[PDB]
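Taking the form solved without the partner chain, here's one chain by itself in structure tokens.
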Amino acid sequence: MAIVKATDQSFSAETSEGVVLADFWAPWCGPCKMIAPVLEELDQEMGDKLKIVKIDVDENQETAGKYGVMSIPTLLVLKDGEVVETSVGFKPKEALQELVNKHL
């Protein structure tokens, strides 16, 4: 499964492996639950080239602060361990595929 669970301790190691799309969220979130099945569709559609890295902002304020994340769901596209793009809020799988594609 392409989807992984990380913290500030592991985030950089996980995001080093190619294009990775991190999901700054928290289980207390509402809108994040809408995009979760879209990330499962992304496992099913991009998991050959993509990794998806969920990170719980309620325990990872430092990593959130690293990019000024102040709302969720927030999406950080990293490539080879550094941020390459950002997006905020819900997006459909096609728009997310394009957001990945522009850095593949």
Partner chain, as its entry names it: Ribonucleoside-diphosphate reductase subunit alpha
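Numbering follows the first chain given and starts at 1.
Unshown form deposited with the partner chain bound; subsequent notes refer to it.
Taking the partner from elsewhere, residue 72 is found to have a heavy atom lying within 4.5 Å of the partner chain in the deposited bound form. A residue is said to contact a partner when one of its heavy atoms sits within 4.5 Å of a partner heavy atom; residue 37 fails this definition for the partner chain in the deposited bound form, lying far away.
Of the heavy atoms in residue 44, none are within 4.5 Å of the partner chain in the deposited bound form. Looking at residue 57, you'd find a heavy atom of it within 4.5 angstroms of the partner chain in the deposited bound form.
Scanning 64, 76, 50, 53 against the partner chain in the deposited bound form with a 4.5 Å heavy atom cut-off leaves one residue, 64. The partner is not shown here, and in the deposited bound form the stretch 85-104 never reaches within 4.5 angstroms of the partner chain through any heavy atom.
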